[PDB]
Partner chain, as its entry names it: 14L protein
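First, one chain by itself in structure tokens, the form deposited without the partner chain.
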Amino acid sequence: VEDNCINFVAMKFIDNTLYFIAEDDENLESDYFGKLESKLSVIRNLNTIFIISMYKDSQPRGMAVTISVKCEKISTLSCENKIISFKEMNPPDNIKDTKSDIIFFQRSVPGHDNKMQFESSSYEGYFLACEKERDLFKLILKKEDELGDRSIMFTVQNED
């Protein structure tokens, strides 16, 4: 069964915080008899930017990936000191130390084996995901193993 839960199209950051609107805004309910609790949300690239860049590791324990979002000056997502934060400026090309907030590891998902989740390099065992907040969606770190609230998993669509 192709269990799909689309919840992302495109949305910008507000107040130094990354916001994401969903495709549905009226909370329409399905007529299928069974429940449809969401488990992933992946789809994007619908035509406010969302940078992903790959890096090569001399110590390969996972493909190195970056996230950044365009600002007045480009901002990169950061994971310093066991908290979530957005740091500004651009990455210094190839990163020298492996332990950094710039680089992330991508792990394949059980769903269709076409998408990948994101893994912190500065944290070992933590997990980046999203949770329902008010009418929008807020990207907040939460452990994948622990079922925190609904625990919507954050994945991105790969190029064919």
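Positions refer to the first chain, counted from 1.
- According to the entry, the deposited sequence runs straight from residue 58 to residue 59 with no unmodelled residues in between.
Unshown form solved in complex with the partner chain; subsequent notes refer to it.
- Taking non-hydrogen atoms only, residue 64 approaches the partner chain to within 4.5 angstroms in the deposited bound form.
- Mapping the unseen interface onto this chain, residue 60 counts among the residues with a heavy atom inside 4.5 Å of the partner chain in the deposited bound form.
- Taking non-hydrogen atoms only, residue 116 approaches the partner chain to within 4.5 angstroms in the deposited bound form.
- Shown alone here, residue 107 lies within 4.5 Å of the partner chain in the deposited bound form, counting heavy atoms only.
- Taking a 4.5 Å heavy atom cutoff to the partner chain in the deposited bound form, the contacting residues in 34-55 are 36, 37, 39, 41, 52, 54, 55.
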